[PDB]
$ cat input18.txt   # compact mmCIF, C-alpha atoms
# COMPACT_ATOMS: atom_id res chain seq x y z
CA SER Q 1 12.55 6.44 1.53
CA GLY Q 2 15.24 9.06 1.12
CA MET Q 3 18.38 8.81 3.24
CA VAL Q 4 19.62 5.36 2.12
CA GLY Q 5 21.68 7.14 -0.52
CA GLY Q 6 19.41 10.06 -1.36
CA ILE Q 7 19.84 12.76 1.29
CA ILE Q 8 18.52 15.13 -1.38
CA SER Q 9 15.63 12.73 -2.03
CA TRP Q 10 14.79 12.70 1.68
CA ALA Q 11 13.23 16.13 1.29
CA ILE Q 12 11.68 15.05 -2.02
CA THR Q 13 9.53 12.10 -0.96
CA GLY Q 14 9.15 13.51 2.53
CA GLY Q 15 7.76 16.60 0.85
CA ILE Q 16 5.47 14.45 -1.28
CA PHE Q 17 4.35 11.74 1.11
CA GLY Q 18 4.97 13.33 4.51
CA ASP Q 19 2.28 15.85 3.67
CA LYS Q 20 -0.09 13.06 2.71
CA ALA Q 21 0.90 11.11 5.80
CA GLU Q 22 0.09 14.21 7.84
CA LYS Q 23 -3.16 14.87 5.98
CA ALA Q 24 -4.42 11.31 6.38
CA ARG Q 25 -3.49 11.47 10.05
CA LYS Q 26 -5.54 14.66 10.37
CA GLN Q 27 -8.41 12.75 8.80
CA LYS Q 28 -7.64 10.07 11.38
CA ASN Q 29 -7.77 12.79 14.04
CA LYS Q 30 -11.09 14.10 12.78
CA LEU Q 31 -13.06 10.92 12.14
CA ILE Q 32 -12.23 9.17 15.42
CA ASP Q 33 -13.46 12.27 17.23
CA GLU Q 34 -16.63 12.14 15.13
CA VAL Q 35 -17.23 8.43 15.76
CA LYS Q 36 -16.68 9.11 19.47
CA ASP Q 37 -19.35 11.80 19.13
CA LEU Q 38 -21.61 9.59 17.01
CA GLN Q 39 -21.31 6.75 19.53
CA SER Q 40 -22.35 9.22 22.24
CA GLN Q 41 -25.58 9.91 20.38
CA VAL Q 42 -26.28 6.17 20.22
CA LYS Q 43 -25.62 5.83 23.95
CA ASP Q 44 -28.15 8.54 24.80
CA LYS Q 45 -30.74 7.33 22.31
CA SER Q 46 -30.42 3.78 23.63
CA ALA Q 47 -31.00 5.24 27.08
CA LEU Q 48 -33.79 7.29 25.50
CA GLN Q 49 -35.59 4.28 24.02
CA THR Q 50 -35.43 2.58 27.41
CA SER Q 51 -36.72 5.78 29.03
CA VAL Q 52 -39.71 6.10 26.70
CA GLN Q 53 -40.71 2.42 26.79
CA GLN N 1 -46.19 12.06 -2.23
CA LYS N 2 -45.46 9.00 -0.09
CA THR N 3 -45.04 6.96 -3.27
CA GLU N 4 -42.99 9.78 -4.81
CA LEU N 5 -40.17 9.48 -2.32
CA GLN N 6 -39.95 5.73 -1.78
CA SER N 7 -39.47 5.64 -5.54
CA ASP N 8 -36.47 7.88 -4.84
CA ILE N 9 -35.20 5.62 -2.05
CA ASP N 10 -34.71 2.85 -4.61
CA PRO N 11 -32.09 4.70 -6.74
CA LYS N 12 -30.24 5.88 -3.64
CA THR N 13 -30.21 2.43 -2.07
CA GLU N 14 -28.86 1.03 -5.34
CA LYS N 15 -26.39 3.84 -6.06
CA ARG N 16 -25.00 3.40 -2.55
CA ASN N 17 -24.84 -0.34 -3.18
CA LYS N 18 -23.09 0.24 -6.51
CA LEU N 19 -20.33 2.29 -4.88
CA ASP N 20 -19.82 -0.31 -2.15
CA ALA N 21 -18.14 -2.65 -4.61
CA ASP N 22 -16.31 0.17 -6.39
CA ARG N 23 -14.90 1.24 -3.05
CA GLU N 24 -13.71 -2.28 -2.28
CA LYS N 25 -12.15 -2.79 -5.72
CA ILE N 26 -9.87 0.11 -4.84
CA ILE N 27 -9.24 -1.51 -1.45
CA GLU N 28 -8.22 -4.78 -3.11
CA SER N 29 -5.84 -2.86 -5.35
CA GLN N 30 -4.53 -0.95 -2.33
CA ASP N 31 -3.79 -4.28 -0.63
CA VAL N 32 -1.20 -5.12 -3.29
CA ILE N 33 0.70 -1.94 -2.45
CA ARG N 34 0.00 -2.60 1.25
CA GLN N 35 1.62 -6.03 1.02
CA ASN N 36 5.20 -4.87 1.58
CA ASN N 37 6.01 -3.14 4.84
CA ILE N 38 8.20 -0.28 6.01
CA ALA N 39 11.26 -2.46 6.42
CA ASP N 40 10.57 -4.74 3.46
CA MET N 41 11.22 -1.54 1.55
CA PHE N 42 14.35 -0.97 3.66
CA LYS N 43 15.30 -4.60 2.98
CA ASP N 44 15.16 -3.80 -0.73
CA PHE N 45 17.41 -0.73 -0.46
CA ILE N 46 20.28 -2.89 0.69
CA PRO N 47 21.40 -4.73 -2.47
CA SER N 48 21.93 -7.90 -0.39
CA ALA N 49 21.71 -11.26 -2.23
CA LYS N 50 23.62 -9.23 -4.83
CA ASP N 51 25.72 -6.97 -2.56
CA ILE N 52 28.45 -9.56 -2.18
CA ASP N 53 27.95 -9.91 -5.94
CA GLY N 54 28.15 -6.11 -5.99
CA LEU N 55 31.69 -6.62 -4.71
CA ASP N 56 32.30 -9.96 -6.45
CA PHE N 57 32.00 -8.59 -10.00
CA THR N 58 33.73 -5.33 -8.97
CA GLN N 59 36.95 -6.67 -7.42
CA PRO N 60 39.44 -4.88 -9.76
CA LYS N 61 37.38 -1.66 -9.53
CA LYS N 62 38.67 -0.88 -6.01
CA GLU N 63 41.01 1.59 -7.69
CA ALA N 64 38.00 2.89 -9.63
CA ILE N 65 35.78 5.58 -8.13
CA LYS N 66 33.04 4.34 -10.50
CA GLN N 67 32.59 1.14 -8.47
CA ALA N 68 30.52 3.27 -6.09
CA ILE N 69 28.54 4.49 -9.10
CA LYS N 70 27.83 0.83 -9.88
CA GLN N 71 26.81 0.65 -6.23
CA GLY N 72 24.95 3.94 -6.68
CA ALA N 73 23.18 2.73 -9.83
CA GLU N 74 20.66 0.20 -8.55
CA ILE N 75 19.87 2.13 -5.38
CA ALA N 76 19.03 5.12 -7.58
CA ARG N 77 16.74 2.82 -9.55
CA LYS N 78 14.88 1.18 -6.70
CA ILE N 79 14.32 4.44 -4.83
CA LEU N 80 12.27 5.57 -7.84
CA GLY N 81 10.35 2.33 -8.35
CA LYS N 82 8.98 2.51 -4.83
CA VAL N 83 7.96 6.15 -5.40
CA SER N 84 5.84 5.32 -8.44
CA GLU N 85 4.26 2.33 -6.71
CA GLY N 86 3.24 4.71 -3.96
CA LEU N 87 2.40 7.34 -6.52
CA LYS N 88 -0.09 4.87 -7.97
CA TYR N 89 -1.33 4.55 -4.38
CA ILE N 90 -1.82 8.33 -4.29
CA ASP N 91 -4.17 8.38 -7.29
CA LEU N 92 -5.72 5.14 -6.09
CA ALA N 93 -6.58 6.61 -2.70
CA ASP N 94 -7.78 9.98 -4.02
CA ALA N 95 -10.32 8.16 -6.15
CA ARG N 96 -11.48 6.28 -3.04
CA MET N 97 -11.31 9.47 -0.98
CA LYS S 1 26.32 -20.98 3.11
CA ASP S 2 28.70 -19.92 5.90
CA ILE S 3 31.42 -22.30 4.76
CA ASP S 4 30.48 -20.92 1.34
CA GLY S 5 30.75 -17.51 3.00
CA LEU S 6 34.40 -18.42 3.52
CA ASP S 7 34.74 -20.58 0.39
CA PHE S 8 34.07 -17.77 -2.09
CA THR S 9 35.97 -15.27 0.12
CA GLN S 10 39.31 -17.05 0.52
CA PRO S 11 41.56 -14.31 -1.01
CA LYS S 12 39.60 -11.62 0.89
CA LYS S 13 41.29 -12.48 4.21
CA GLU S 14 43.47 -9.43 3.59
CA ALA S 15 40.28 -7.50 2.80
CA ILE S 16 38.31 -5.87 5.60
CA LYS S 17 35.29 -5.98 3.24
CA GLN S 18 35.01 -9.78 3.62
CA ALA S 19 33.26 -9.03 6.92
CA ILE S 20 30.98 -6.64 5.04
CA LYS S 21 30.12 -9.57 2.76
CA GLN S 22 29.52 -11.43 6.01
CA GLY S 23 27.68 -8.36 7.32
CA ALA S 24 25.54 -8.07 4.18
CA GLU S 25 23.13 -10.99 4.43
CA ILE S 26 22.74 -10.74 8.20
CA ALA S 27 21.72 -7.11 7.71
CA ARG S 28 19.17 -8.35 5.17
CA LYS S 29 17.62 -11.16 7.15
CA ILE S 30 17.34 -9.13 10.35
CA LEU S 31 14.98 -6.82 8.43
CA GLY S 32 12.96 -9.55 6.71
CA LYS S 33 12.00 -11.03 10.06
CA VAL S 34 10.99 -7.57 11.32
CA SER S 35 8.52 -7.00 8.49
CA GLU S 36 7.09 -10.50 8.83
CA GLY S 37 6.44 -9.68 12.45
CA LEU S 38 5.36 -6.19 11.48
CA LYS S 39 2.68 -7.83 9.35
CA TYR S 40 1.85 -9.78 12.51
CA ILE S 41 1.44 -6.48 14.36
CA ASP S 42 -1.23 -5.15 12.00
CA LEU S 43 -2.70 -8.63 11.74
CA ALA S 44 -3.14 -8.89 15.51
CA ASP S 45 -4.41 -5.34 16.01
CA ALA S 46 -7.21 -6.08 13.58
CA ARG S 47 -8.05 -9.21 15.59
CA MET S 48 -7.59 -7.30 18.84
CA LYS S 49 -10.20 -4.89 17.50
CA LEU S 50 -12.23 -7.74 16.02
CA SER S 51 -12.40 -9.55 19.35
CA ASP S 52 -13.63 -6.35 21.01
CA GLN S 53 -16.52 -6.24 18.54
CA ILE S 54 -17.70 -9.62 19.80
CA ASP S 55 -17.11 -8.45 23.38
CA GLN S 56 -19.61 -5.66 22.81
CA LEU S 57 -21.96 -8.01 20.94
CA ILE S 58 -22.09 -10.57 23.76
CA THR S 59 -22.63 -7.68 26.17
CA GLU S 60 -25.34 -6.14 24.00
CA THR S 61 -27.17 -9.47 23.66
CA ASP S 62 -27.48 -10.31 27.35
CA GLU S 63 -28.42 -6.74 28.19
CA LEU S 64 -31.14 -7.12 25.58
CA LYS S 65 -31.81 -10.68 26.73
CA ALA S 66 -32.37 -9.17 30.16
CA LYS S 67 -35.09 -7.05 28.54
CA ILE S 68 -37.13 -10.00 27.26
CA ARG S 69 -36.91 -11.39 30.78
CA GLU S 70 -38.83 -8.41 32.15
CA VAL S 71 -41.33 -8.51 29.30
CA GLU S 72 -41.98 -12.23 29.82
CA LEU S 73 -42.13 -11.60 33.57
CA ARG S 74 -44.74 -8.96 32.82
CA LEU S 75 -46.66 -10.86 30.12
CA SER S 76 -46.91 -14.00 32.25
CA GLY S 77 -48.15 -11.80 35.08
CA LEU S 78 -50.71 -10.25 32.75
CA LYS S 79 -51.94 -13.59 31.42
CA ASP S 80 -52.44 -14.55 35.06
CA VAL S 81 -54.82 -11.60 35.31
CA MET S 82 -56.48 -12.68 32.06
CA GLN S 83 -57.25 -16.08 33.57
CA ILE S 84 -58.97 -14.43 36.55
CA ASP S 85 -61.86 -13.23 34.37
CA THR S 86 -62.24 -16.73 32.93
CA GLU S 87 -62.68 -18.22 36.39
CA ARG S 88 -64.70 -15.20 37.51
CA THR S 89 -67.32 -16.32 35.00
CA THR S 90 -67.29 -19.90 36.28
CA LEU S 91 -67.59 -18.51 39.80
CA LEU S 92 -70.45 -16.17 39.06
CA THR S 93 -72.54 -18.14 36.54
CA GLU S 94 -72.63 -20.90 39.11
CA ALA S 95 -73.44 -18.42 41.88
CA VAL S 96 -76.10 -16.72 39.74
$ encode --input "input18.txt" --output "structure tokens"
Amino acid sequence: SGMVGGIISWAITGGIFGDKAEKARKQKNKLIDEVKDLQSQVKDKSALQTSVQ
Amino acid sequence: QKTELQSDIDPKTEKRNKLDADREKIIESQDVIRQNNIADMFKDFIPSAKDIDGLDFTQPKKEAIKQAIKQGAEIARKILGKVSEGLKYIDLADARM
Amino acid sequence: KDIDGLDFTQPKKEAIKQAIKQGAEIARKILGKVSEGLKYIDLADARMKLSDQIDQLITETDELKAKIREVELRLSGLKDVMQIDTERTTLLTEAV
């Protein structure tokens, strides 16, 4: 938002939202790695259900 | 004991199903704030469709320093209005979070 | 409005800022077409993901539809064995 006229406000909203952009991206880092791990359980259990049957 | 716990499945299947709509009501209200983009916001910071009018009504103020304050007025407004719209989006997301 | 861009700005021919008035709306409309296409970016990437869902689903069906092939290939083979006992009775009760 800031630097259109507000060079001072660049650090303001970047301090406010750039944290929350970074935090949501870290949630985006964490959950994609979990879904990739949760998909890997489904892949083995699908191969498991074939193996048992 | 089997009938004890399936009678506890029924609140948890409903309470999950209650929060499914209450999640999506936040999502529908986040879509209003979603609706303008990065550069729609940057399109608003230029006072164009009034920026010629920003220099039409301020033709004798070229000797005045305060013409730039008239320029600086509405940009100082609209920088704040987009903050609060996103600041609504902060409290809107943290509920959903 | 470009004739009107020079109709309303006739005394500004001495002014350099007439070109800024010219430069104003073009700097607007270059951004408005970006965001319309930037909507189209997020709109396509949903569909790009949404097509890949169906790509898995068609793959997961025929892999599973290959499974009912083997079951039906087995079950028809087993019902063939079940008919053997029916004709084993007609063989033997005659031969008894």
$ atom_distance --input "input18.txt" --atom1 "CA of residue 72 in chain S" --atom2 "CA of residue 45 in chain Q"
23.8 Å
$ atom_distance --input "input18.txt" --atom1 "CA of residue 17 in chain N" --atom2 "CA of residue 5 in chain N"
18.2 Å
$ atom_distance --input "input18.txt" --atom1 "CA of residue 88 in chain N" --atom2 "CA of residue 25 in chain N"
14.5 Å
$ interface_residues --input "input18.txt" --of "chain N" --to "chain Q" --cutoff "9 Å" --atoms "all atoms listed in the file" --output "ChimeraX atom specification"
/N:41-42,45-46,72,75-76,79,82-83,86,90
$ closest_residue --input "input18.txt" --among "S:51, S:77, S:30, S:67" --to "chain Q" --atoms "only C-alpha atoms"
S:67
$ axis_aligned_box --input "input18.txt" --around "range 10-25 of chain N" --padding-each-side "3 Å" --output "AutoDock Vina command-line options"
--center_x -23.4 --center_y 1.5 --center_z -4.4 --size_x 28.6 --size_y 14.7 --size_z 10.7
$ closest_atom_pairs --input "input18.txt" --of "chain S" --to "chain Q" --cutoff "12 Å" --atoms "only C-alpha atoms" --output "CSV"
residue,atom,partner,partner_atom,distance
S:60,CA,Q:46,CA,11.2
S:63,CA,Q:46,CA,11.6
S:64,CA,Q:50,CA,10.8
S:67,CA,Q:50,CA,9.7
S:71,CA,Q:53,CA,11.2
$ interface_residues --input "input18.txt" --of "chain S" --to "chain N" --cutoff "10 Å" --atoms "all atoms listed in the file" --output "ChimeraX atom specification"
/S:5,8-9,17-18,20-36,38-39
$ build_atoms --input "input18.txt" --residues "range 21-33 of chain Q" --atoms "N, CA, C and O atoms" --output "compact mmCIF listing (two decimals), in the frame of the given file"
# COMPACT_ATOMS: atom_id res chain seq x y z
N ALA Q 21 0.94 11.78 4.51
CA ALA Q 21 0.90 11.11 5.80
C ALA Q 21 0.26 12.00 6.86
O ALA Q 21 -0.56 11.55 7.65
N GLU Q 22 0.63 13.28 6.86
CA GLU Q 22 0.09 14.21 7.84
C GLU Q 22 -1.38 14.49 7.58
O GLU Q 22 -2.17 14.61 8.52
N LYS Q 23 -1.77 14.57 6.31
CA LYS Q 23 -3.16 14.87 5.98
C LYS Q 23 -4.07 13.71 6.32
O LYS Q 23 -5.17 13.91 6.86
N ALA Q 24 -3.63 12.48 6.02
CA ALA Q 24 -4.42 11.31 6.38
C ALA Q 24 -4.50 11.12 7.88
O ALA Q 24 -5.51 10.64 8.39
N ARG Q 25 -3.45 11.52 8.60
CA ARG Q 25 -3.49 11.47 10.05
C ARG Q 25 -4.45 12.51 10.61
O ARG Q 25 -5.10 12.27 11.62
N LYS Q 26 -4.56 13.67 9.95
CA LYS Q 26 -5.54 14.66 10.37
C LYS Q 26 -6.95 14.20 10.06
O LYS Q 26 -7.89 14.56 10.79
N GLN Q 27 -7.13 13.42 9.00
CA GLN Q 27 -8.41 12.75 8.80
C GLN Q 27 -8.63 11.70 9.87
O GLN Q 27 -9.76 11.51 10.35
N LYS Q 28 -7.56 11.02 10.28
CA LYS Q 28 -7.64 10.07 11.38
C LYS Q 28 -7.89 10.78 12.70
O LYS Q 28 -8.54 10.21 13.59
N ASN Q 29 -7.40 12.01 12.86
CA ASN Q 29 -7.77 12.79 14.04
C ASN Q 29 -9.25 13.14 14.02
O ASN Q 29 -9.93 13.03 15.04
N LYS Q 30 -9.76 13.54 12.86
CA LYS Q 30 -11.09 14.10 12.78
C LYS Q 30 -12.17 13.03 12.89
O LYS Q 30 -13.17 13.23 13.60
N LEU Q 31 -11.99 11.90 12.22
CA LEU Q 31 -13.06 10.92 12.14
C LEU Q 31 -13.24 10.15 13.43
O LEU Q 31 -14.37 9.81 13.80
N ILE Q 32 -12.14 9.85 14.13
CA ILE Q 32 -12.23 9.17 15.42
C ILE Q 32 -12.96 10.04 16.43
O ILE Q 32 -13.78 9.56 17.21
N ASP Q 33 -12.72 11.35 16.37
CA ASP Q 33 -13.46 12.27 17.23
C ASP Q 33 -14.92 12.35 16.82
O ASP Q 33 -15.78 12.59 17.67
